[PDB]
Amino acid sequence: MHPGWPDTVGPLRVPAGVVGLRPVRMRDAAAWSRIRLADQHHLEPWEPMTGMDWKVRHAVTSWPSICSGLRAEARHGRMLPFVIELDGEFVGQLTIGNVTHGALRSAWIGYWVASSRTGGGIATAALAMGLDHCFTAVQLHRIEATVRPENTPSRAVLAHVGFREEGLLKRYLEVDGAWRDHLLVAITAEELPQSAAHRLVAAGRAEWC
């Protein structure tokens, strides 16, 4: 029904510290709200529009309903909603979405990291260990991601792990007040001679931990 969920993933050491993944939970409300509120202008240009004011969307009281919905999707096997931890503390999220099995065995992957912790290899490590989990525990064959061509930092993260560009999706997602083109990138399990974590370690971008 939902292989590889729930689970913890990692840890991996990067310059910023020790990175792991674990399920969203109700007590994340305080840290999720504090960081998303404080990071509004770093996140809003790169996030799907919600049709809500940013500050009402990200109040502490908004989290239980969001967390409940994510876990409901997860127990139906359609999502894996992880929190990125740095040294045991909430610093972002890594979400595997639109999970299918059958003859497709594919999903998309998305992420964000608190701006004060960026440039330390966290998103790259989160993505690598998320991918490795999908290609083992979740029994998936393929992971895709969509990213605005303008989102040069996220494209760097995806390139670190080996994603291939597959297409350009015109007017794909409502972001920052308009329908924006998104690149489509992908990677399949048979493209990994080595795990994504192992690839990071060999490149000097992470260490075993």
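Residue indices: 1-based, along the sequence shown.
With 35 to 43 and 160 to 168 compared on mean CA B-factor from the PDB entry, the stretch scoring higher is 35 to 43. Relative to one another, 47 to 55 and 176 to 184 have unequal mean CA B-factors, and 47 to 55 is the one with the higher figure. In the PDB entry, a CA B factor belonging to the lowest third of its chain's modelled residues is recorded for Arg142. Per-chain ranking of the deposited C-alpha B factor places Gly88 in the highest third. Compared with the other modelled residues of the chain, the Cα B-factor recorded for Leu200 ranks in the middle third. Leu192: CA B factor in the highest third of modelled residues in this chain (values from the PDB entry). Residue-level temperature factors show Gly102 in the highest third of its chain, judged at the C-alpha atom.
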